[PDB]
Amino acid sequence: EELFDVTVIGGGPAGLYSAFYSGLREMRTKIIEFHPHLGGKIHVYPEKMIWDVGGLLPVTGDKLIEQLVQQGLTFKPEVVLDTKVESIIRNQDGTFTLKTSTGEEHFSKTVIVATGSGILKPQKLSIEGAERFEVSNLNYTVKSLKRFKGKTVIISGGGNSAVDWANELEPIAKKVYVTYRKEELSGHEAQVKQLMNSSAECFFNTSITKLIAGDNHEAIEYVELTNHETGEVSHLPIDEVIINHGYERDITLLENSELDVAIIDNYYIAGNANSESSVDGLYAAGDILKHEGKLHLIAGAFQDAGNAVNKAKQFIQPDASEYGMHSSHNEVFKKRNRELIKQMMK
């Protein structure tokens, strides 16, 4: 059949390294991700420097996502993006059937749940036809600090990530505006006092009411603002717009599944130090995995993934070795290394 050895639900660090290590151990591997892009929660902070991945000199999240996606695809898994896994069923023969929000079905000998803290969607701007500018200069994350160098940015919404974004764009942007719909910027008073003594201009009881494209482009050239307590309707020229109205979560995967998988605190999968859940051949890796030695770092996701994959290989092939062969000596990389070495000699 179309029966995979290992199917990975989720495309963040845990899922990607599962796909990678599953390929290192020569299993037919699939990875299913909700978003149209792989990478996981790091898409929430692609502009920050990341210092605590073992062996990485500091990189931005954006560059880290690049490296992880490349590593996850080394063995060319079946990649199913734009797909919400809706439920997991354990068949009587012991294999698994994954049902997507479409009803489409996937089949696997083992499943590695790497859904992290779930499906995150940024809450969209409820302005008529605002999606036109998503392809240009209407953002829901700070994709990179350089993107905003010398530009004029307005941030809609307060608190959440808003105060933190403004504080890191203040020394980079030409000007930073913040518009909040309440009275006080809903952060913690530690970082809101630096925001107000510095080069950020705040508008309270205001919201964006129309995105005005250029007569020459389709980028946002001006923005219309509206006061909720006085009533004034002003216009403002900007180079970039960033929306921060929060995130929507979807964690329904395991509730919607008929599986006696043990769950901690109504969300996390109750696992052991080897990433095993209470259902045979169903493993958890990454933020979804909870056990007494779970390390709440990206570095821990790699360990969960490797432990999960190593268990899956022996579930499928009992006489398989219990540990994967070190990459430095694994012939699985012979041809790939061949070209890399040929470039190393100039």
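Numbers follow the displayed sequence, beginning with 1.
- Higher mean CA temperature factor, per the PDB entry, when comparing 27-35 with 301-309: 27-35.
- Mean CA B-factor, 200-208 versus 77-85: the higher value falls on 200-208.
- In the deposited coordinates, the residue among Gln71, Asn91, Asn216, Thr115 with the greatest CA B-factor is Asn216.
- In the PDB entry, the Cα temperature factor peaks, among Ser234, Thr95, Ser275, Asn266, at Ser234.
- Sorting the modelled residues of the chain by their CA temperature factor places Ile127 in the highest third.
- Ranked by Cα temperature factor within the chain, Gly158 sits in the highest third according to the deposited record.
- For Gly150, the recorded CA B-factor ranks within the middle third of the chain. Only modelled residues enter the ranking.
- Per the PDB record, residue ranking by Cα B-factor puts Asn337 in the highest third of the chain.
- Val135 sits in the highest third of its chain by CA B factor, as recorded in the PDB entry.
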